[PDB]
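Undergrad: Here you go, one structure.
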Amino acid sequence: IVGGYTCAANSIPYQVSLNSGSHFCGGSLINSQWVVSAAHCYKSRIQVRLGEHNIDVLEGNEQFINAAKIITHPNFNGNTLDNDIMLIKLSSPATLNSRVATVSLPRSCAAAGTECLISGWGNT
Amino acid sequence: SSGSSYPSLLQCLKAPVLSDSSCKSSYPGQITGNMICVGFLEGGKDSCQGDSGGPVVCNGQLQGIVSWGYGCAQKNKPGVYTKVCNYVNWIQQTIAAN
Ligand SMILES: [Ca+2]
């Protein structure tokens, strides 16, 4: 995130970090077993790190759960990034609490001009 | 772990959904109906490498997944996001069967 601010710790409780040695992508927890992410973040093995704020320091709210299934959209186009969506099944259910929570799927598309919240550990 | 260039702490950004005509004119020939632009045409504020897969949440609902862009925070090159309101059935049915 370029030009953002630091989120209040654990104020984005649906945000996860995808880790294969180090952080490489984000995701969103949509139920206790499933993270939605981007298909171009696919790796054959992924550790999902929930409850994170500082991804370099153990703070005490983290849950580290390896993926059991990684499902890219069948019509993902790796050249154009069309259908860039992926689902990750946790090998055990996350424990939902005040720092690890789900985000609702949309009930309709957002209107142009709607204000949204974007988050991640990407380059600043 | 954040390695060479990522931040340690989770970053946040408030940004508006952009019109489809703004999106297509920012990225001629590259925008499908499964993509939405979110951000600022004046640049300066955007998602970037390492953010992909992460959320765009509007009014409590996941509307976007960080996907791609030309550069980061560049003028007339807002972030391009996977349009989640196209995929609720894919998501629910894939979860239900797996
Ligand atoms: Ca941590």
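Note that chain B is numbered according to Swiss-Prot, with residues 134-231 shown in order.
Header entry for method reads X-ray crystallography, 2.0 Å.
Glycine residues also receive a Cβ, built from the backbone N, Cα and C atoms like all the rest.
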Undergrad: Can you sort out which of B:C170, B:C181 is the disulfide partner Swiss-Prot gives for B:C156?
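TA: The record-listed partner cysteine is B:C170.
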Undergrad: If you check Swiss-Prot, which of B:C191, B:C205 bonds to B:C181 via a disulphide?
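TA: Answer per the record: B:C205.
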Undergrad: Cα of B:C205 (disulfide bond) to Cα of B:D179 (site 'Required for specificity'): how many Å, rounded?
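TA: Spelling it out, the Cα of B:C205 (disulfide bond) and the Cα of B:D179 (site 'Required for specificity') are 6 Å apart.
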Undergrad: Report the member of B:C156, B:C170, B:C181, B:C205 (the disulfide-bonded residues) whose C-beta atom has the most other C-beta atoms within 10 angstroms.
TA: B:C170
